[PDB]
Amino acid sequence: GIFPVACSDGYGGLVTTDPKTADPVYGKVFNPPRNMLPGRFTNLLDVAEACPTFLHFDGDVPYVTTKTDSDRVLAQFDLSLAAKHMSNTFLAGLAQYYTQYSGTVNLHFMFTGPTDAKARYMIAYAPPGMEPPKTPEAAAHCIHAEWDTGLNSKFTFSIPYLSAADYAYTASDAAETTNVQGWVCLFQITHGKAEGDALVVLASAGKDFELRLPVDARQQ
Amino acid sequence: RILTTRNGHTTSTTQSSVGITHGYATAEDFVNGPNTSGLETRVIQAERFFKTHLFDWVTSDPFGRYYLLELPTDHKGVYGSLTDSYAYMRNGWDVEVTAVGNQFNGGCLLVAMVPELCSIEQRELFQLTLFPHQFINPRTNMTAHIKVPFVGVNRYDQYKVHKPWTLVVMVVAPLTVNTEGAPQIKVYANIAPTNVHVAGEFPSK
Amino acid sequence: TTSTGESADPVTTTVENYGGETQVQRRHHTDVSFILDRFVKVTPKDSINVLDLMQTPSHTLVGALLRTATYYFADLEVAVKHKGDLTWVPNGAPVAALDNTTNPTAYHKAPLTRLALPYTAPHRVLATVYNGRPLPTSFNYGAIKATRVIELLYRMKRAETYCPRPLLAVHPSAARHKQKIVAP
Amino acid sequence: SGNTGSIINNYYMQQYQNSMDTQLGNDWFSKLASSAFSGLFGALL
Amino acid sequence: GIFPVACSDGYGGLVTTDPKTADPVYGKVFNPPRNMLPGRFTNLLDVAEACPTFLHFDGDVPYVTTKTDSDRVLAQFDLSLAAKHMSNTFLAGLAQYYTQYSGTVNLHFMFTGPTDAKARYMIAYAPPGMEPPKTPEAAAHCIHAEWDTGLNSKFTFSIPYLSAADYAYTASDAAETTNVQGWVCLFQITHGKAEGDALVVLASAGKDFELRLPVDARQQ
Amino acid sequence: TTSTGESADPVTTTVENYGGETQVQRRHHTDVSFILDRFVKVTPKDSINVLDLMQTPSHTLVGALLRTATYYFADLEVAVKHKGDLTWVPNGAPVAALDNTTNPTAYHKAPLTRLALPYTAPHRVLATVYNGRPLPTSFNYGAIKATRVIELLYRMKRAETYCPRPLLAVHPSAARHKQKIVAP
Amino acid sequence: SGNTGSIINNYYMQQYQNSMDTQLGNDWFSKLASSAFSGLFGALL
C-alpha cells in the first residue's frame, strides 16, 4: 500500500505573504557579474541615519527667519511622524509604510547668517498632558538645551523617547486630538544685528530608531 | 501582636495586628524599561503616610455595603505635587485601615485592594476573597495593613487617566452593639505610597 | 485546626485529621494554557470586523475563563468562512488599509481559511477591564475584511494570565440546580 | 503546553510560527498553595 | 516518478479541538518584555485552594445566626457542586465547565461574636441511603467533629470523599432525586449569651481536588 | 554637539548627552530583501502583457520602496489567473514566440498558477530611471500571454538595491495628517 | 533572507531554483552609519 496522508482542511490557500517559494520552470542561468558595485545599501534605516533631510516650515522654505518683535517662539510642532512640519522628509516618508515606531529622532540646526551676526536659540520638549509652553521662561523646566552661534555652525539635539506604552503609532486618528506624544518647541532667546537671517533645519534617524509592523496602505 | 511600621519620617504603631498581607508579589519588577530611555528618577521625599476618612460603620447597614475609593487620590503634600509636575510615574501602595470599636462589638468587616474596577455587582461580592484582603473583626483585631506592588498594563502610568488600584471595604457581618459596645465605628485609612519613581518633566506656567 | 481567620493566610487541613489518607490528585485538564485552546465562536459581523478577544460571549468556556483574569497575553488563530478575498491589517493600520493586496491576503478555498497570526500591540500585556464599558483603541489584534464574513473563531495560543477575577455560576431558584444528563 | 500533540517539529521556523519573546534585565499562586498551613495547631491527645 | 500517496477518506476535517496548528503569514515579531509581572497563576485550581469564598445561606447573607429556640440545626445542604448553598462561589463557578470531580472540599467556619459570647458547634457528614439526621444526638455516628470558640476564631473541617464510583458528577439530573452524594449537616450544640450573633462560613478546594472532562455548556 | 555643518559628514548625537541611556534597537522589519517579498498587484492587461517591474503602481509598498533605489537586481515570481494555456518567453524573444508550446507553458489548474522564473537580461543590474519617461527595451524580465489574463502579481526574490532615491509622504492640508485607525 | 521560513531544504536543486551568480576577479551605507561622529566636540564641565 502507498503511504497514506490526510488532506487537511483549511490549508494551502495563496496567502500574499507566505514563506513558501514557487517551483521553477527554466533553470541553468548564469547572470553577469556584480562584484563590488558602488553604493549598495542593505537596510532602509541605514540610509535614514547617514543622510538627513529638510523639514517643511511655513510657506515652502525649510528655514525659519529670526523674529525681531516681542515674540520669541520661532515654530513649534507636534512630535509625530505624520506632522505637517515633517510632511516631505525621508524619515516621515519611510515611516508611513510601517505602523509603529520607538526611538530617538535627531534634529540638526544650521545657522546661515553673515559673519557679523550673532544669535542664541533654545529647543525644549514638552510631554503630553499640559498645553505647550509659550514663553522661554516658562519652558525652562523641560528637557531643553541651548546653543550659541559661532565658528561651528551646526548643532544637533536628539529629542528623547518618552511613552507609557512601549511602542507608539506612526499615524493620528481623528478620535485622538490630544496628540498623545507631545510637542517640541523651538525658541529664540536673543539676537544681535540678526535681521532677516535664516536657520535651516534638518532631521535624521536616531542611533536606536526602530520601525516595525509593515503595512503598505494607500500612498501610491 | 505589637507591630510598628515606618515609611519615611512617619511611623505608626498597632497593638493588635495579625500580620501583613503581601499581595501579588514580594518585590517589584524591573523599573528601568526600554520606553523611558533611562530618564527616570526615584524621589524618596514622597514615601510618607497620609490619612483620609472612609465612612462610619453603623448597625443599620446590612451585608454588602462597600463604599470604595479609588487611589491615587488628591494629596496636599509632596506626592500630590508630583502628578502636577511630571508626566509618567509609578508606585506601589501600603495601606492600613483602622476601625477602633470595643472588645464587645460583634460584627465583621472585609477590606481588599483590588485592581482596576468601577463597580461591582451584588453577586460578585461573595467572591471578594481573591484579591489581597484581610478581615477586620472587632473581637480580635482593629487594623488590616495590606501591602501591594505597582501593577498595570504598560510600565509607567499617567495617573491623570488610569487609576490602577482601588481600596474596597465591605460589611461581611452587621455591627451589633449588644450590651457594652461602642454605638458606632468610624473607619479611617492610613495609606502611604511606596517605591515611587517618576520620569518626564512639565513646563510650568 | 483552629487558626486566626482574619489573616488571609491559606489554611488547607486535610483528611488525615481523622484517620483518612489522601489519594493522588493529578490536574491536567484544568491548566490555564490547555483549557483556552479550543476555538470559541463569536457572533460575526458584516463585511469588516475587528479581531478583539472581548466580543466573544461572556457565557462560553473560553469567554468565561478569560473574564476571570485581569491581564492576559496570547497569540491568536482564526478560521473564517469568507465569501471573497479576506485580508488582514496589523494593529494600528488606518482602516482604509484593508483594501490593498500587499497586506496578508488569503484567497478563497472551500470551506474554511485557517490563519495563525501573531500578537501585535504596543502594551506588554493586554487587559480585560480598564479603569478609564469601553476599552481603549489600542487593545486588539487587528482587523479583517471580506466581501461577506460568514463565520469566525478564536483560538488563543501560548495563553498566560495574571491577577485572577471572580467567576459566577448560575443561580438556581430551587435548592439544587437540576437538569438533564445524557443517558442510554 | 496546550492542544499541541504532534511528534514532528513543525515545518516552519520558530520565528515565523509565533512572536518571539523578549527578556529584560503558574509562578505566584502556586507558591501560595504550597505555603498553606495544614498541621494541627493545638496539642493532640 | 513522484512519491505516490493515497489521500485517505474521512480525514482532515476542522475539528474544534484538534492538536494541529495553523501556518503563519506574517512572522518576525518581537513583543515587549514581560519579565516577572506580579501575580501570575498557572493552574485554575491553584487559585481555588489559596483563596476561599463565601457561601449563600438563606436570604442573601453568607452567615448563619445562632438559634436560641428548641431547634439545634443551623443549616444542612446537599454535597453537590451545583447545590444552592454553593450557588455563587469560585469552586462551584469553576466546576460547571467540567463534568466530573473527585476530592475533598474544605469548609472554613469563622465566629464573629463579641468578647463575652461563647458557643459550641458540630458539623457531620451523612452519606447516601438514609435520610439526613435531624438532631445532634442522632448525628454523632457520622464523621462529625466539634469545635469551641475562643482566642482563635476560624476552624476548618474538610469533608471527605466517599463514593462507590471512582469519580462523581458536577451536575444533578432530574431523574436522580436521591442526591447520590449525600448531605453535610451543621448543628449548634449550645451557646452562652450568644443571641443574634453570626458565624460566617467559607469554602475552598482541598489538597487533592481533581477536576476533569472539560465541557463549556451554556452559562455564558 | 556643535560641528561644521557644511561637510556632509554624518553626526548622530544620542540621548546620553543629558543623562539618558539608549535602549537596544533591533531592526528586522525594515531590511531591503525582507520588505520587497510580498506579492504586489499590478493592473493586468489583455491577452498579452510584458513582465516589467515598473508597471506596478507608484503608491504601493513594493512599488514605492522600489522607486527609491536607482539600481536593483532581483529574481521574480508571479501568480496569474490565466483563462487558458499561459506561456512565457525569455527576455529578447521575438514577440511571435509566445505562440509555441516548447516555451515553458503551464496548463490550466484552478485557481492560480504560481511560477518562479529567473532573472534574464544582458545588463548586470537593471535601473529604475535612465538618462536617455520611457526606458529602453532591454529592461524587462519576459512576456507572458494567455487567452485572457485576469490577475497578475510580482514578488521579487533575493532583492538587492543600490544608490538610494527620494521617498515622499503625502502632503496634508491641516497641520497634522489625521485619519481613521482600527478600534474595537 | 526574505520571507523564507521552512526548515527543510527545497526539493529542487539550487541551480534550478534561481539564477546562479557569477563573480569577477548593506555594504556601503552601513559603513556610513558607523562612521557617525557622536562624541562631544567641546570641553564638558
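Letters A, B, C, D, E, F and G name the chains as they come in the text, with residue numbers starting at 1 for each one.
Note that in this section a residue touches a chain if its C-beta (ideal position, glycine included) is under 8 Å from a C-beta of that chain, and two chains touch if they have at least 3 such contacts.
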item	value
Identified repeat of the D-E interface (over half of residue pairs identical), from E-G or A-G	A-G
Chain whose averaged C-alpha position falls nearest the assembly-wide average	C
Which of B-E and B-C has more C-beta contact pairs	B-E
Computed distance of Cα centres, chain G from chain F, in Å	18
Inter-chain centre distance, chain B versus chain F - centres from mean C-alpha coordinates, in Å	59
Between chain A and chain G, centroid-to-centroid distance (C-alpha), Å	24
Gap in Å, rounded to a whole number, between the CA centres of chain C and chain A	38
Contacts with two or more other chains, residues of chain C listed in rising order	1-6, 9-14, 17, 32-33, 38, 71, 79, 89-94, 96, 100-102, 104, 106-109, 112, 114-116, 118-120, 122-125, 137, 157, 163-164, 166-168, 171
Residues of chain B touching at least two other chains	24-25, 30, 33-35, 37, 39, 123, 127-130, 135, 137, 140, 151, 154-155
Where chain G touches two or more other chains, by residue	3, 5-6, 17-19, 26, 29, 32-33, 36, 38, 41
Contact footprint of chain F on chain C as seen in their complex	50, 52, 54-55, 89, 91-96, 100-102, 107-109, 135, 137, 139-140, 142-143
Parts of chain F lying in touch with chain E, wherever the complex brings them together	26, 28-29, 34
Interfacial residue positions of chain F with respect to chain G in the complex	1-3, 9-14, 17, 32-34, 36-38, 75, 116, 118-120, 157-159, 164
Contact set on chain D toward chain G in their complex	9, 11-13, 15-16
In the complex, chain B residues that touch chain F	32-35, 37-39
